[PDB]
Structures are given as structure tokens and as C-alpha cells.
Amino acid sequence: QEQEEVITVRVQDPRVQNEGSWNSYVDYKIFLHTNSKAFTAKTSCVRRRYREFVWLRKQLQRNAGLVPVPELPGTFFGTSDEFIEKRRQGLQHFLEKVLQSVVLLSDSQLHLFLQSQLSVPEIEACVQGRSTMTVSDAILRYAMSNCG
């Protein structure tokens, strides 16, 4: 009934950023609560857009060996709100599956995606050792800030 380690994830609250402009896009709130020793922060709240998930999947596959990486949601014939809701569902399912794998949970790019608001280029730099702070400090600083 009660597992030793639980990781709960929710993708929620899609929002249009820069609405009406060239740089308009939808992002998604990602909430996480866990007691997993793989994680630095017990709770986190970040926002990520679809192209960032696309990046994340590719990166996970790079390091995953033979552990299969879950597929993302991808024509669509409904309204934009209906498309966004289907996508939101698919992103939630993607992350649930990813979080079942001890191998995928060992990837620091995942942790910075979920528990920091570093940009993709920042995450890449951080895990390549080119940033001024460690993966842990990026995640702790975000936690201790009130940004989520």
C-alpha cells in the first residue's frame, strides 16, 4: 500500500506567454512532490514549454543506454484549447513514466528541468561543468527562492 519512495508529478495550468506576438508560446506548470533520495528538493514548481520536453527526451536517450525512453505526445482537428489539453495529458504521462526509471532518475538534466528554472542552454552548461554553480546549488537556490 505505502511505497518507501513516492514521486508525484502534475503538469497543469497551461498559459500563453507573450500573447499576440511573434514570440508567443504555451508553457505548462510542472509540480513535483517526493521523498525520493534521487531528488534534491521535496517540492518544486517550474514552467516548461513543449520544445523543452522535446530537448529533454533527446537528452535522456543520449545517456539512457538500453533503458527505453517514454515517447512524447506529437494531425489534430479540434480547437487550440482542446489541443493544449491533450498535450498537457500526454506531458503528464510522459513524466510519470520517466519517473519510474532509476536510470532516468540518475540524469541531472532531468533534475534541472524539473527543479530549476534554468534555460536549456544553462542546463547544458551546468551539467558540462561550465556554470558557476553545481547542479545541487542550482536546485537549492531555486528552492530557497520563492519563484515557483
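The first residue of the shown sequence is 1; numbering continues from there.
Unmodelled residues of the deposited sequence between neighbouring positions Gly74 and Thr75 number 1 to 3. In this entry, 79-87 has the higher mean Cα B-factor, the comparison being between 79-87 and 23-31.
For the segment pair 92-100 and 111-119, the entry gives 92-100 the higher mean B-factor, averaged over Cα atoms. Comparing C-alpha B-factors across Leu105, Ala41, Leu56, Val67 in the deposited entry, the largest value falls on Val67.
Within the selection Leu140, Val11, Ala125, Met133, the deposited Cα B-factor values reach their highest point at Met133. Residue-level temperature factors show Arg62 in the highest third of its chain, judged at the C-alpha atom.
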